[PDB]
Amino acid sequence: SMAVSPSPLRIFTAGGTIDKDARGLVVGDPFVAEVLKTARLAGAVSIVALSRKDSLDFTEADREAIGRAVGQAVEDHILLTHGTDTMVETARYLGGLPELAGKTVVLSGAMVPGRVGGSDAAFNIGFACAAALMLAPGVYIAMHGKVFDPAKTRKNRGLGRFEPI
């Protein structure tokens, strides 16, 4: 048969600074979809909205619903765009669900809204997409051009960066 390009990555959007839209800022349409629109993909990426909340407003119940959506996807490569304030809490929660054992689940986002000049967003999305495809099964944070183990990571609010504990 003629070659069929697969679509092995599914993306979930859960809000955050990456998606803030001043058109100060509040959470608008997912910025990840703008980046993939112009990525000239060989395949395609299904993109599904889970939430538009600021990550500091996430409850235990919000994390559980995200775990259930991730767990029910047919894809084994998952990228979750999210705010950076509670990305570590969501990542640690997902890491303790056995329903995710066979999946590579990467969380990412941006410190500068994608719709603001000089944003890290487009770089981070490309980096995180590749990380979701290439890393062994597990839950990871992809930021600053590297991979973080959620159990050994914290968000430094002052410096706007993830760092090792």
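Position 1 is the first residue in the sequence shown; the rest follow in order.
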Per the entry, how many deposited residues between residue 23 and residue 24 lack coordinates? The answer is 4 to 9
Mean Cα B-factor comparison, 118-126 or 41-49, giving the higher one as deposited
41-49
Selected stretch [higher average CA B-factor]: 56-64 or 107-115:
56-64
So if I compare the CA B-factors in the entry for 90, 72, 81, 84, which one is the largest?
72
Hey, what third does residue 147 fall into on Cα B-factor, ranked over its chain?
middle
For residue 139, does the deposited CA B-factor place it in the lowest, middle or highest third of the chain?
middle
